[PDB]
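Below, chains carry the letters A, B, ... as their sequence lines are ordered, and counting in each starts from 1. All heavy atoms count here, side chains included; hydrogens, waters and symmetry mates do not.
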Amino acid sequence: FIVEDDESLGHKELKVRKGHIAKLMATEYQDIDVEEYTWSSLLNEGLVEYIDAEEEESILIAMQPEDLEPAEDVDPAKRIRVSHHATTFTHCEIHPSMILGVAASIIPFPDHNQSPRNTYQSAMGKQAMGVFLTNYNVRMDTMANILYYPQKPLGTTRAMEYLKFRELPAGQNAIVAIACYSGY
Amino acid sequence: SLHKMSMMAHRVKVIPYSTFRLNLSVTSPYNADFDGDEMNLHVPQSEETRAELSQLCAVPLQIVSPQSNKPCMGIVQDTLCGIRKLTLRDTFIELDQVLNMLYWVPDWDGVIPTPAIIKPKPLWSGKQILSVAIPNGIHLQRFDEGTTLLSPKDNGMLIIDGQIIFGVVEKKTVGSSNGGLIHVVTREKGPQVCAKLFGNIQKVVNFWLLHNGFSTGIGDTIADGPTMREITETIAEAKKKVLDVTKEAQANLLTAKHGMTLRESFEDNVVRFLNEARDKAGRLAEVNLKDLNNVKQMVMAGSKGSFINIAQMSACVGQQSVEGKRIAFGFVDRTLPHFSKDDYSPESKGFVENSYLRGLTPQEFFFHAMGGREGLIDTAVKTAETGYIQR
Amino acid sequence: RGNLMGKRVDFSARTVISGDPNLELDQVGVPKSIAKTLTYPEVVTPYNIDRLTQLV
Amino acid sequence: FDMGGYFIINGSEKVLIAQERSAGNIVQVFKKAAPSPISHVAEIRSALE
Amino acid sequence: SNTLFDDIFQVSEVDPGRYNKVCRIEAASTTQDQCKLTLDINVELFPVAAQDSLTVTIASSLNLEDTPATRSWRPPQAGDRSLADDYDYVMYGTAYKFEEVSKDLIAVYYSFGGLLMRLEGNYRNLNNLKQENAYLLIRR
Amino acid sequence: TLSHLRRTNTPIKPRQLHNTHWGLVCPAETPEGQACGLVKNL
Amino acid sequence: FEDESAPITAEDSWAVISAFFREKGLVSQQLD
Amino acid sequence: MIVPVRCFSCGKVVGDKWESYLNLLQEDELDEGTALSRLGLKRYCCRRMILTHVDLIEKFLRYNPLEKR
Amino acid sequence: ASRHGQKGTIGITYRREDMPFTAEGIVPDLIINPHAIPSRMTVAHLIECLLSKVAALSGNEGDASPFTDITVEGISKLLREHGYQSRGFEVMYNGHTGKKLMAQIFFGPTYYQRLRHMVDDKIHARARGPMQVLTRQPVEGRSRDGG
Amino acid sequence: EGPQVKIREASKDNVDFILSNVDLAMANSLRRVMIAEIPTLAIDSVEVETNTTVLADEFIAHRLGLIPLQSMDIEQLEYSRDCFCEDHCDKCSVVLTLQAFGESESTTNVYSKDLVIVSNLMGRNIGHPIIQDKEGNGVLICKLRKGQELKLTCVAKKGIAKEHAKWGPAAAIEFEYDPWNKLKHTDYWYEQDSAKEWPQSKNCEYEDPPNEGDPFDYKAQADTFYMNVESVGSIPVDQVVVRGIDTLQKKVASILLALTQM
Amino acid sequence: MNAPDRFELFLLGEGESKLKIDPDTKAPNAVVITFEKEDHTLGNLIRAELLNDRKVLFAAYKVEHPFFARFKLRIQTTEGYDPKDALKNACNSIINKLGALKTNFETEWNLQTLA
RNA sequence: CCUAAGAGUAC
Ligand SMILES: [Mg+2]
Ligand SMILES: [Zn+2]
Ligand SMILES: [Zn+2]
């Protein structure tokens, strides 16, 4: 996201507002008659920008807009966050959860895990068994493994509906008990 | 198979499933889990090889390792936690369960021990039933910290003539430790009796734990409100001390420790402050945990877990380090593009003040990922180098 | 190193391991198929003629 | 749901793994160890597209 | 069979400790000023409060008849007569230490299945206790 | 399949997770073996 | 919502991400 | 693939409650929880059996049959 | 394996009557050891089990996205509003005897993957078989009946 | 005289009752028998003639094996293992036939109402698939695109849940005792207060709450078990309970018979 | 592959019987009875009913391995009382109690109108 | 059959 001065509010703010979000929602709903509003529309109107590491060296990024853009009884259950005590941002992260890859986006609550466990799951979900393609019945692959009853996870992430994980799940919801039952 | 105990002679038991099955206590010398480990089996083809395999490489003969003149096999995992829970002073067993537990010991002599309590209800203590497994004539006496001949805390261990006089049975007694029960039994009665002891203890404790139950959950990682407030206060105080040290260094008033530069001394002080902050918060959390806490029970038994695990899950994950240092400035003078230049605050260089229960902020998540990556790389390099050195 | 110090051998099995609290310390559980594959040669003796004949 | 981005060579689906390399036409300066006589080396991997 | 020791004590302190069913009590003899007792009691099965008078008897057996454990314990049949009928709370344990506290005071340590007891007093009446098994009988 | 189609390999500390990797490659997705850190995912 | 120039929330960014994946896809780099 | 006949854990028959569930979701605009409670799925084993099912068979039916009579 | 690096093989399989059961008759599909939790510090596993329990009871879907403001306390409050113990513990009874277990069991739905490593594709034994043509030693690999 | 039963709720598929004046072992054995040892009818063998659908043959065979069938008169059927026929006959099996064709442009749903009994039931009350929903269509067995066909035959034998869970008629069985924890058979995990953090069971209304000052009753045993039996549909739930008791009694009687005969 | 047939859980194999009784030398007047193709369902019930008896000094059972459906039950009674007689009395009491329970349940169910 | 390459399991 691009952050500009926004002299009307007297403080730094994202260039994207509720109108653009509404237009994007309208376009998505129409896809599922008004003027189309795609990602290229955001790109061409200076709403979002493409930044690589070299350019990322010379910018200041806000992690989330709602907590870092506006200037300054808290829930003890919530994790501790800081405001960075600085207002000179040039860009804003679209979402922090987008730092993860395809395999790590399946992990539920990856921030509550020890990092090697996340690495293990990333390497191990590629070996998970499910439905790799819907046309597996007309493909002569050397080896194929299909679940009888794939189930979409009860605990799901927002990023896994762009990976079609709810359409082609690779696991099942089993009733698990954590117990030293029999020693086996 | 890095050592001779990783290659031992067993007795075949033909079973109707597609996996090798082995006792839990023998997994330690093999360094074997059941998360997909495969193992190999070789069959001798002559009477000479068969005989020398049974008389030299047999599992009971390997119980005491020459590697450190102490037993290499012990009570582990569920049996250790169960044996700690069973020998508590609160544990009393009624007649029916006592009979079932006595029958489960294969070499039980057939006499029911007189109950520890006769009136108004016959009750057997857990120590009384466990002493049936211990062979007759074994004497053991270990004095823990602060224990007397009377045991107000029930710590230490006194076993007289194969009867547990007092002490909670835990890792220091039935684990693979020098001077423990395994060592004494194998040096007094022989390897065969020690293997029989392994079997009897496992059977009785596993039966009792099956009919008592043991679990762990998210609530075991939760400390109450006042403890969380004290932990947050401790973290804030440590961060304030770090800020004061930073002010002193930035005013050049800080003096360099002899043998290191100014920056190295400052980093050393900051790391020490953050480390002791994490330790103090973890100790607060551990003290707050009740005796019914399941993670606390596993730690006390020694079966699994440690103080640092409780600290990181409940109080504070701590300072993430790469190459023995705080998170370096990968970008120009900053760790991430979300911090300003020349920011030496604990959050800017990889201090995770949130526990795993609370969850990590994105920057803390990335720093923890860097630490875990360093750990994995070190593991791979270490296993390769150790293999070469061993050869 | 590949054929003299260490070599592939016959009469060997390999498979996944599982825990069993009901097995003795010196016991190992062997799948029935593996036990049916691996064999031991027993010399025919007056002391074991009957059971060897039965196994045959 | 198939996303494409792969070739079919002799009936087998082949994917080209993205190969990482150092960028060209960038000047990089590196220190050198004590035994070497040269202390610092500035190099450019010049290449024309 | 006979009562090796018998006295009346007053409880001065009850310590729950980390337990929910067992409490450690300290008691002072109400007749001899040199005799004191420390004892773990299953309070769930026999409640004990502070300033409570308990008659305590240590015996070598429970049968009324004289002695003619090594014999397996059997459930008490109906109509069986034993010393325990006259008391409320009975434990069985072994003596594991005879300590010389002073010139006249000695202490005897008993372990009833892990419940510990220490009885201290002058040897003139604690001499009957010896290194063997014993029954502890308590009535309120 | 998706992870394979977005995979990068580095011919051969280069194995470490660098700071500049933020938002460009997955912080925790890499083989445990000899390719730890060398093989990355977008 | 009613105001056209009101600032967005953390929930609104998922709409932007949806648009991105509606145009790019998951294997956009290979095809491009 | 297609709705399981029975709940895995307890064994309650749920293979006849899929079309009713879809009808409740679509025609009556009921949320998932109320629709599950209406069909008689009170234990969360059955609720996860019906709630998390993915009806992939529709996709399979889209392709033309290999052996058409 | 779960989605948190908690791999493991099936030790044994019990029928329904032998598994521990809650007061509602629910028996687990899987039982995993507590000792896998403390050392590995997979708190996300427990949080996801709790969230999945709440989602199954309420009919909604659990939002387990990483950096959201979803806390254990809120999930526990929802679970308590559903009439269960807030921390996911349930009183369970032993299958063999029907007696209550002295310890309450952490119980709930969790997402598991079946991995490609099955025992039937790995079991292998060789008494005598084909030999290498050059060294006259057993061939390599279970696909070739090797040694 | 003996065990006493009082039933709270009676339904077509559920019975909720109280089992008083009985040992814990007896109640648990009854529960286990109801779970496992009750004979029932279910499809056991599937001969597939034609399958042009999108599902595998053994997939459909498994689904058919999980279809609940009427088993009211299952005691009149014999086990296939102890019948004199070769593979299956009328004295020990019921033969059904599923023949479906996709002659409609829209998807055609193959339910369990299309299962047709072929073998002569000889007047028994077995074989009919159990229909529960109001629409009348049974379990959704398969789906057919236009032109797809599914022809197969099923043989159903009697069986118990021990051999395979598809023969279990008992679903979930609620089983509770001592709602107030007066016997102290559990130690309640808690953070601040055990009473506040553990919700009271619905059965707590049927027992007197403890006085909180009385001493622990060490002589008290366990009785008055609150049990709720659910029925899949193969047999009525009351018949589930009665046949569970009958099967347990048969097991004990067989033990006596073996003891006497040896 | 190596998985045993499920009917082996309850069907007696060839050449084996339901019960076998062996005297116990550890204690006087004690027997060990091996029940084949049985499990906790019968073992717990028999053990509890035996413990209800007044002349039974010891009664316990154990399933030595979950793989195999069999269990061992040790019974020791007072002098002059046959352990087999104790087993007979326990089985008879169980049968009587179950019959009474079945009768009571039938009578209670006959009183319903909303079934 | 050999060779090479790649992916992966447990350390
Ligand atoms: Mg392992
Ligand atoms: Zn269910
Ligand atoms: Zn027939």
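Between the side chains of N113(A) and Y356(B), no donor N or O sits under 3.5 Å from an acceptor N or O. Counted by atom type alone, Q67(B) and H3(B) present zero donor-acceptor pairs between their side chains at under 3.5 Å. In this model, no donor atom of one side chain and acceptor atom of the other lie less than 3.5 Å apart for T119(A) and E32(F).
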Where protein sits on nucleotides 6-11 of chain L, one letter per nucleotide: B base, S sugar-phosphate only, - none, heavy atoms under 4.0 Å = --SSSB

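Here the side chains of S176(B) and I182(B) are not in contact, with every heavy-atom distance at 4.5 Å or above.
Both tests hold for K7(I) against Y120(A): distance to the six-membered ring centre under 6.0 Å, angle to the ring axis within 45°.
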